[PDB]
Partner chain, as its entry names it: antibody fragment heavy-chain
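Shown here is one chain on its own, the form deposited without its partner chain, set out as structure tokens.
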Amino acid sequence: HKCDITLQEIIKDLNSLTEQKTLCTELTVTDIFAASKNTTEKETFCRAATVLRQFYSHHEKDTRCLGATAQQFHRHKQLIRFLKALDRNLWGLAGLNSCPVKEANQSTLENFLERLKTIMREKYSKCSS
């Protein structure tokens, strides 16, 4: 369960997400990593899955993000697609729907995805030889 290949799928989604910039990636999420580390692994995933769901829900049809050019619109849809795929995997890992996220600090979506990627790669590393 813990060292399941879902970890690789999350890492994969994150790899695409962070190699991708859009009009929208500087917009903010609640910084669940500004906490003092007071949560189980399942709580962490639930928290991350929560803030990302707020983000894609709010920005999928947001005029600042939707794009003027074909390429901008494409990148916007890609981003929302990948966020939903990552979110889906996170919820499957979490095993939890209800986790309050209490941080004030906002970070750009971009910085948040890079942090989550570092934590995911650390989980993968702790799983293998």
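Positions refer to the first chain, counted from 1.
Colleague: Mean C-alpha B-factor higher for 60 to 68, or for 95 to 103?
Modeller: Mean C-alpha B-factor is greater for 95 to 103.
Colleague: Output the stretch having the higher mean C-alpha B factor in the entry; the candidates are 37 to 45 and 79 to 87.
Modeller: Between 37 to 45 and 79 to 87, it is 37 to 45.
Colleague: Sort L109, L17, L116, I10 by C-alpha B-factor from the entry and give me just the highest.
Modeller: Checking the PDB record, the top C-alpha B-factor among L109, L17, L116, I10 is at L17.
We do not show the form solved in complex with its partner chain, though everything after this point is about it.
Colleague: Who in 56 to 76 is close to its partner chain in the deposited bound form, meaning a heavy atom within 4.5 Å?
Modeller: The stretch 56 to 76, when checked against its partner chain in the deposited bound form, contributes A70, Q71, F73, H74, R75 at the 4.5 Å heavy-atom cut-off.
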